[PDB]
Amino acid sequence: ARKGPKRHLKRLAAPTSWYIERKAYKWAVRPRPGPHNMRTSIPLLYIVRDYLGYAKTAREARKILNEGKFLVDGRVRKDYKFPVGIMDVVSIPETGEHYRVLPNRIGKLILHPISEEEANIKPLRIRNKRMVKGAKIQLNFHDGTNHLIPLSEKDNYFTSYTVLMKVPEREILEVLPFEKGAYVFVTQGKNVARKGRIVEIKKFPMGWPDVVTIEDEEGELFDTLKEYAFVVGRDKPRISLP
Amino acid sequence: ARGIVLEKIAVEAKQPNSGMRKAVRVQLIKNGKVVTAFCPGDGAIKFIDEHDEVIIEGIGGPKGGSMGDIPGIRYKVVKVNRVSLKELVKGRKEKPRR
Amino acid sequence: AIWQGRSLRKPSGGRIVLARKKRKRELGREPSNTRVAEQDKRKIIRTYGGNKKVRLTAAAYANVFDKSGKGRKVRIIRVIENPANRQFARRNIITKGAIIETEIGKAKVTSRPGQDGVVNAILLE
Amino acid sequence: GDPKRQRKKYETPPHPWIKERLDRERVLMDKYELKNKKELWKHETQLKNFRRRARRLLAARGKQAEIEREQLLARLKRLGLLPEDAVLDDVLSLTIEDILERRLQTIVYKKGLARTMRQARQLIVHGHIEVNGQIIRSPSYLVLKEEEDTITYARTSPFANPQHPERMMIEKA
RNA sequence: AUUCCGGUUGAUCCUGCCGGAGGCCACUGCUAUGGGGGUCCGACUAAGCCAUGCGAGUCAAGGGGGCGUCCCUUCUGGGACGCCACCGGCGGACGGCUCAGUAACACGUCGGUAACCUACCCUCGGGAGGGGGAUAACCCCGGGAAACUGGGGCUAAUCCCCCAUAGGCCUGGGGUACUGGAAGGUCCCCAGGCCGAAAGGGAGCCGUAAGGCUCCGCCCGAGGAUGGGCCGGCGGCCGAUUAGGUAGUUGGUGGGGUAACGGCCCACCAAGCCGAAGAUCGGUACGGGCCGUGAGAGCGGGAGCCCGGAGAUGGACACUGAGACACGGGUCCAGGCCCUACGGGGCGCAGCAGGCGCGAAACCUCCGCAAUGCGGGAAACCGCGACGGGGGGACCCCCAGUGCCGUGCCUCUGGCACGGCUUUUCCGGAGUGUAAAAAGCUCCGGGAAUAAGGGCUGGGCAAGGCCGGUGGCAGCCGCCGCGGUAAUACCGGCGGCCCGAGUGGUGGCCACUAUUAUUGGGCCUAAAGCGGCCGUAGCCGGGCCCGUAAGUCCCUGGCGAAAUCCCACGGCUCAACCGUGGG
RNA sequence: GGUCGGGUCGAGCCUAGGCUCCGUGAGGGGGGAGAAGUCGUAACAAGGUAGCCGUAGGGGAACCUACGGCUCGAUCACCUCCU
RNA sequence: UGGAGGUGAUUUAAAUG
Ligand SMILES: [Mg+2]
Ligand SMILES: [Mg+2]
Ligand SMILES: [Mg+2]
Ligand SMILES: [Mg+2]
Ligand SMILES: [Mg+2]
Ligand SMILES: [Mg+2]
Ligand SMILES: [Mg+2]
Ligand SMILES: [Mg+2]
Ligand SMILES: [Mg+2]
Ligand SMILES: [Mg+2]
Ligand SMILES: [Mg+2]
Ligand SMILES: [Mg+2]
Ligand SMILES: [Mg+2]
Ligand SMILES: [Mg+2]
Ligand SMILES: [Mg+2]
Ligand SMILES: [Mg+2]
Ligand SMILES: [Mg+2]
Ligand SMILES: [Mg+2]
Ligand SMILES: [Mg+2]
Ligand SMILES: [Mg+2]
Ligand SMILES: [Mg+2]
Ligand SMILES: [Mg+2]
Ligand SMILES: [Mg+2]
Ligand SMILES: [Mg+2]
Ligand SMILES: [Mg+2]
Ligand SMILES: [Mg+2]
Ligand SMILES: [Mg+2]
Ligand SMILES: [Mg+2]
Ligand SMILES: [Mg+2]
Ligand SMILES: [Mg+2]
Ligand SMILES: [Mg+2]
Ligand SMILES: [Mg+2]
Ligand SMILES: [Mg+2]
Ligand SMILES: [Mg+2]
Ligand SMILES: [Mg+2]
Ligand SMILES: [Mg+2]
């Protein structure tokens with residue numbers, strides 16, 4: 001980029017979390033800005049063409065998308081560049097199937113089949129929280145979206161809590177706090193895709209991030225960054241996880 | 001490198017050898033400098049003429065320099081008027097334009 | 001014309017040879033020498049990213065504030081002094097920190113008229 | 001830096017004219033009817049690489065070393081170069097003759113499908129031999145133990161007829 | 001393979017350098033049957049100069065027109081249909097090419113921005129009220145050799161301009177709702193100012209109409225995302241026959257300017273700042289992932305693919321825009337060049353092909369948007385010398401051929417004579433393959449037919465003590481050495497050896513070399529201990545007890561892109577190559 | 001958009017001063033090969049005056065002489081110091 | 001048996017291949 005934004009992406013420089021054959025072609029789809037970030041999502045064309053196999057070429061994948069056959073978090077998505085990320089729900093109603101997008105033990109994105117009932121809810125980690133005009137509270141989530149709450153509720157939400165949201169209506173139905181004994185699922189790092197319970201929380205001076213110790217099912221204790229630990233239940237999971 | 005022949009000469013071998021080694025003075029196209037080049041083979045000097053163009057390369061001695069009983073000569077002729085000199089000395093081919 | 005990129009000198013005193021042309025995003029602009037006049041005059045500058053700046057070139061009024069929180073819009077007589085430049089007071093140049101005299105007394109300017117477009121001052125007792 | 005360059009799979013001798021090595025290699029070339037030196041050198045290199053992996057694994061310890069140690073043994077017994085109860089030290093007693101006995105040319109001659117090594121080479125090149133239902137025309141292909149006994153004449157070959165004149169002469173040996 | 005061999009003497013043992021023997025890269029002599037795979041082919045000299053064609057468009061569901069075929073009536077028309085250009089919108093700042101400049105916060109790596117900008121996209125909270133205006137197209141008349149360009153008439157918009165409201169920014173006084181490690185930040189209430197939104201537009205049905213019901217859209221606010229700007233610590237060349245260097249220089253106070261912090265620039269006050277642990281100056285050079293070689297320690301290189309930087313004949317400088325001081329856009333100077341009716345007007349392939357010049361040194365003025373992607377469009381789609389497909393080339397790597405069998409004879413390796421066999425390869429066909437072709441692959445007919453060279457032959461070093469020429473002449477010779485009429489060494493014949501679709505010559509790097517020595521060398525007589533001594537920095541430093549935890553060791557969090565390397569398994573007949581996992 | 005005033009920034013151009021580099025260059029100077037045109041015999045044996053180092057003067061040329069030093073000097077006699 | 005030092009001396013001329 002000598003003078004302006006980049007609009008292209010070579011296959012060899014594609015993100016490491018995609019399932020893609022890196023030497024078969026020169027170019028890859030450059031994802032459009034949207035909900036998640038580059039390291040935690042993938043364009044929808046690779047879901048339709050490469051993962052599911054409902055289309056052989058890009059041209060007939062686009063015709064499938066334009067007719068409105070794929071839903072992401074309960075909403076119709078037609079853009080083949082749309083980024084699909086961690087904890088989203090991919091729904092195909094004409095075939096009656098639903099999936100949740102989750103990272104692998106190696107850090108790669110995969111589709112986990114789920115029930116039709118569980119497809120109505122999306123968990124959202126609280127990334128930031130602020131005051132807004134009229135003296136109301138804005139909650140900023142991990143997928144980039146936002147919600148408003150009245151000033152009387154300010155003590156029921158804090159950063160790193162998880163909110164279970166009904167989609168596409170966007171209605172709150174449960175708040176899961178971040179504390180000892182909560183159930184967490186790791187989303188990034190060396191211990192990615194491991195899950196368990198919270199034992200201890202540690203803090204440090206001068207803006208170094210805080211760390212958590214987690215006990216798994218077989219009884220082993222391991223550490224990770226606090227912001228890598230995604231609350232999913234009280235003492236049992238509230239969603240289906242592999 | 002490529003050059004143009006200015007004259008033919010003969011160099012005496014060093015002691016205790018005896019004989020005359022046939023060579024040419026060559027002016028290089030790229031910078032105009034003049035160097036001496038050996039003409040290998042029996043009767044090879046007869047295939048060279050004044051104003052002819054030659055291709056020269058290293059003679060192959062120690063430290064990338066001269067060899068044998070002829071110190072002072074660092075190069076040898078490989079082509080004459082774009083024909084291989086080895087062929088001409090053996091036969092198998094003729095020197096063009098008379 | 002006016003370049004704000006980097007010094008051509010190292011802290012040791014040695015010289016630096018430039019390795020590229022001047023980029024457009026590194027340029028400055030002419031200073032606004034805000035004068036005292038009978039009438040006001042301002043202009044609008046289109047800036048980086050398609051933004052705007054209001055540049056005041058001649059000022060006739062000031063907003064004067066007290067320690068109690070009440071403000072009054074009054075006219076400017078002259079510049080008594082300006083510590084920024086030794087000859088601004090002679091020319092009646094107004095910048096942040098200058099001392100101005102108004103109909104209600106002397107005041108110290110708290111605004112940047114070249115950037116904000118207005119003159120705000122605190123009244124000196 | 002520099003992008004990848006594809007490199008030779010065989011190594012050349014450090015000195016071209018050593019009498020003892022020349023005699024030994026001439027005997028091998030005559031016995032197995034190889035076409036040129038580089039072919040022989042290819043097999044020599046394969047052997048060397050095996051030994052170099054065993055030498056490194058003996059002096060190693062840890063978790064990845066064990067996985068590599070068992071993978072080397074498993075591959076060697078799949079190719080038929082070691083028996084089922086061999087250990088790592090047995091890798092160091094392998095000879096060049098062990099590898100050449102696994103060539104498809106040699107195995108075609110050993111089973112009695114040809115009368116000579118040269119005839120086995122022509123049978124392979126012309127497309128008369130099938131290996132587990134597939135026709136392979138490379139005489140240097142190394143035969144796995146699991147497919148050694150499913151090696152026959154191609155079902156579309158002239159030789160797949162017990163009354164063919166050339167097959168009867170092969171059977172007379 | 002953690003290696004040696006020849007050369008100083010009449011003969012010997014050393015030191016020491018030269019040569020031989022291996023790998024990889026560039027040019028090159030002679031010689032060549034087939035296929036497959038790959039990140040190969042005007043980088044070294046000239047970032048020299050360029051004829052011709054092409055390398056960036058798209059939207060009719062934003063808007064008035066031109067013209068045509070038809071339907072209802074038509075004096076006139078209204079409809080539907082299909083092309084054309086213009087106004088208007090978005091893109092043209094990416095992609096592609098090269099390595100001249102640069103020894104620098106350029107690059108690698110860990111952090112910071114509470115000191116910043118961001119059109120297209122995502123979520124949430126709100127808004128779309130009232131007015132005005134010209135103009136292209138089109139018709140009249142034209143100018144100029146041309147490049148271009150003038151006056152009058154008339155017209156529309158999601159074009160342009162105003163009014164209101166919402167909103168934004170600066171300053172002064174209070175309150176403490178939020179995030180954070182920490183508030184010049186966010187939120188609430190008073191006060192003085194300045195700046196200041198929008199297209200309810202378009203399409204389709206249910207509508208007798210009234211009005212719904214969808215789709216694509218317009219503006220403001222908060223946050224994210226995407227693409228960037230700026231800053232710091234640490235790391236990576238050569239020279240002392242370059243020793244002192246700096247004066248907006250280094251810091252402070254008060255301002256300006258910027259998207260933003262800053263001597264970035266000014267006014268005023270001080271004397272600071274760098275340096276023998278190498279400043280300054282000079283030389284050479286784009287940095288990294290990586291690549292060549294070696295048992296390793298090391299030594300050498302950094303064109304091709306990926307990421308970052310820079311440039312568009314040289315030197316300066318602006319307009320539009322979210323983004324440029326813009327390779328196929330604008331201005332000046334300098335230097336070449338093209339067309340002129342002589343008044344004027346234009347052009348720089350370091351895009352793909354192609355030409356000239358330079359040289360030892362590098363290809364077709366071809367086919368396609370079917371695949372991968374990008375821009376535009378509601379969509380079907382359209383364009384793309386990116387990319388994909390072929391054409392030329394001893395680029396690199398992998399797999400094959402130039403016959404096989406039996407019985408006889410010979411000088412028994414191999415050649416010849418009989419009898420038989422096969423068809424990789426070759427010639428002619430059908431199918432599959434392909435965007436279309438070509439290769440490739442499966443079958444059918446013919447037939448051993450269509451296919452071996454280069455170097456060497458005294459020692460090192462595998463291979464002749466044979467024959468014919470020449471006669472210190474001619475010639476050979478990496479080194480040692482041959483040739484003076486009875487040459488195993490020159491030239492040639494016949495033999496023989498090595499490698500083989502290849503094999504020789506020249507130049508470079510590593511190894512050889514413990515001839516650069518940390519691992520690991522030397523200095524009495526061979527190169528080499530200052531003529532002698534005192535001492536500054538540096539390096540090296542005696543025993544015991546208590547403390548600390550910087551060095552050091554162990555465990556565990558966050559990082560060091562992909563490609564490249566090693567292993568197993570799987571897909572192309574195996575392989576080269578490609579995928580899934582481990583390292 | 002033209003004309004004028006002022007401020008400020010600025011590639012290029014001119015003159016002079018100093019260093020730096022390439023190209024020719026009358027004349028002068030040693031160095032290396034060649035093979036012998038020439039004069040002598042200095043280094044090797046005690047090489048026919050032992051050789052050599054430092055400094056200084058002299059000579060066609062190798063070289064000679066003076067003061068201080070080294071053995072990397074032959075022979076005979078005597079003396080001293082050791083094993 | 002074999003070594004290390006010191007002081008004295010040395011009877012004309014005699015080039016070259
Ligand atoms: Mg922080
Ligand atoms: Mg590079
Ligand atoms: Mg000697
Ligand atoms: Mg050597
Ligand atoms: Mg060029
Ligand atoms: Mg452009
Ligand atoms: Mg560009
Ligand atoms: Mg420099
Ligand atoms: Mg940096
Ligand atoms: Mg540095
Ligand atoms: Mg307004
Ligand atoms: Mg400031
Ligand atoms: Mg350069
Ligand atoms: Mg470099
Ligand atoms: Mg290239
Ligand atoms: Mg050019
Ligand atoms: Mg070439
Ligand atoms: Mg070309
Ligand atoms: Mg679109
Ligand atoms: Mg021999
Ligand atoms: Mg030779
Ligand atoms: Mg003879
Ligand atoms: Mg001969
Ligand atoms: Mg030594
Ligand atoms: Mg001494
Ligand atoms: Mg001392
Ligand atoms: Mg001690
Ligand atoms: Mg420590
Ligand atoms: Mg990597
Ligand atoms: Mg297979
Ligand atoms: Mg395999
Ligand atoms: Mg791979
Ligand atoms: Mg004498
Ligand atoms: Mg005498
Ligand atoms: Mg004498
Ligand atoms: Mg005298």
Side-chain angles (χ1 to χ4, degrees), chain D residues 8-52 75-84 86 90-173:
Chain D
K8 282 184 179 64
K9 246 57 177 159
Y10 58 95
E11 299 164 352
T12 45
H15 191 302
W17 316 298
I18 310 298
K19 170 163 170 167
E20 178 198 332
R21 173 165 204 170
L22 287 186
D23 297 354
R24 177 173 69 246
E25 286 181 348
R26 183 163 63 166
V27 167
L28 288 169
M29 290 283 298
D30 295 341
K31 186 180 189 298
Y32 290 93
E33 295 287 359
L34 309 171
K35 197 226 171 187
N36 48 37
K37 293 317 266 283
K38 53 183 291 179
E39 184 165 15
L40 171 63
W41 291 334
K42 183 183 69 178
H43 291 303
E44 294 192 8
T45 298
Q46 289 169 348
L47 173 68
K48 286 176 194 179
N49 284 344
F50 285 141
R51 295 181 66 258
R52 285 157 185 168
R75 182 61 181 177
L76 282 174
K77 43 203 45 167
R78 195 182 177 194
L79 282 160
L81 294 164
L82 292 179
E84 283 291 334
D90 294 325
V91 179
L92 294 187
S93 59
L94 286 179
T95 72
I96 179 66
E97 280 95 355
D98 291 313
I99 297 192
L100 299 177
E101 293 282 313
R102 296 268 96 207
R103 290 174 52 97
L104 178 62
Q105 185 178 335
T106 300
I107 288 181
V108 162
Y109 172 67
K110 296 276 283 180
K111 269 176 157 298
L113 285 306
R115 282 184 65 115
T116 320
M117 283 281 186
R118 297 192 188 174
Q119 193 181 47
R121 199 177 173 103
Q122 180 167 81
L123 286 186
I124 286 159
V125 166
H126 281 197
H128 298 310
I129 303 304
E130 68 168 42
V131 181
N132 204 25
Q134 159 75 56
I135 293 180
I136 284 165
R137 308 208 212 115
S138 291
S140 83
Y141 170 82
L142 298 175
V143 179
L144 307 180
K145 184 209 285 172
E146 66 201 29
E147 74 195 9
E148 188 177 359
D149 72 332
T150 80
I151 289 174
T152 45
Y153 296 117
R155 61 200 69 180
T156 65
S157 165
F159 295 93
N161 177 21
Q163 322 297 336
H164 189 279
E166 194 67 48
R167 180 180 178 174
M168 293 193 281
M169 177 59 72
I170 293 171
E171 292 282 26
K172 193 182 161 179

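Because only heavy atoms are used, hydrogens play no part in the values below, and waters and symmetry mates are left out as well, while side chains stay in. Throughout, a chain's letter reflects where its sequence line sits, starting with A, and its residues are numbered from 1.
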Check whether more than 12 heavy atoms from other residues, nucleotides or ligands sit under 6.0 Å from atom [atom1] of [X], and answer yes or no.
X: D:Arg26; atom1: CZ; result: no
X: D:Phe159; atom1: CZ; result: yes
X: D:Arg118; atom1: CZ; result: no

Is it the case that the side chain of [X] and the backbone of [Y] share a donor-acceptor pair, with hydrogens and angles ignored and the cut-off at 3.5 Å?
X: D:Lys77; Y: D:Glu84; value: yes
X: D:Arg137; Y: D:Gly127; value: no
X: D:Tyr32; Y: D:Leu40; value: no

Pairwise side-chain contact, [X] with [Y], heavy-atom cut-off 4.5 Å (strictly under):
X: D:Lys48; Y: D:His43; result: no
X: D:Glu166; Y: D:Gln119; result: yes
X: D:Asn161; Y: D:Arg167; result: no
X: D:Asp23; Y: D:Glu20; result: no

Report the distance from atom CD1 of D:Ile170 to atom CZ of D:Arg115, rounding to the nearest 0.5 Å.
-> 8.5 Å
Calculate, to the nearest 0.5 Å, the distance between atoms OH and CD1 belonging to D:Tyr141 and D:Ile136 respectively.
-> 5.0 Å
Can [X] and [Y] be counted as an ion pair, charged N to O under 4.0 angstrom?
X: D:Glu33; Y: D:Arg121; result: no
X: D:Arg103; Y: D:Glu39; result: yes
X: D:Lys19; Y: D:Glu25; result: no

Side-chain donor-acceptor pair under 3.5 Å between D:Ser140 and D:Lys42, yes or no?
-> yes
Let me see the working for D:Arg51 and D:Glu44 under salt bridge (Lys or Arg N to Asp or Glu O under 4.0 Å), right down to the final yes or no.
-> CA-CA 11 Å; D:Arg51 295 181 66 258; D:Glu44 294 192 8; over 6 Å; no
side-chain contact (heavy atoms from CB on, under 4.5 Å) partner of D:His128, the single match among D:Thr152, D:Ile135, D:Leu123, D:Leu113 = D:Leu123
Could you go through the side-chain contact (heavy atoms from CB on, under 4.5 Å) check for D:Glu101 and D:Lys110 one step at a time?
-> CA-CA 9 Å; D:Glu101 293 282 313; D:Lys110 296 276 283 180; 3.8 Å; yes
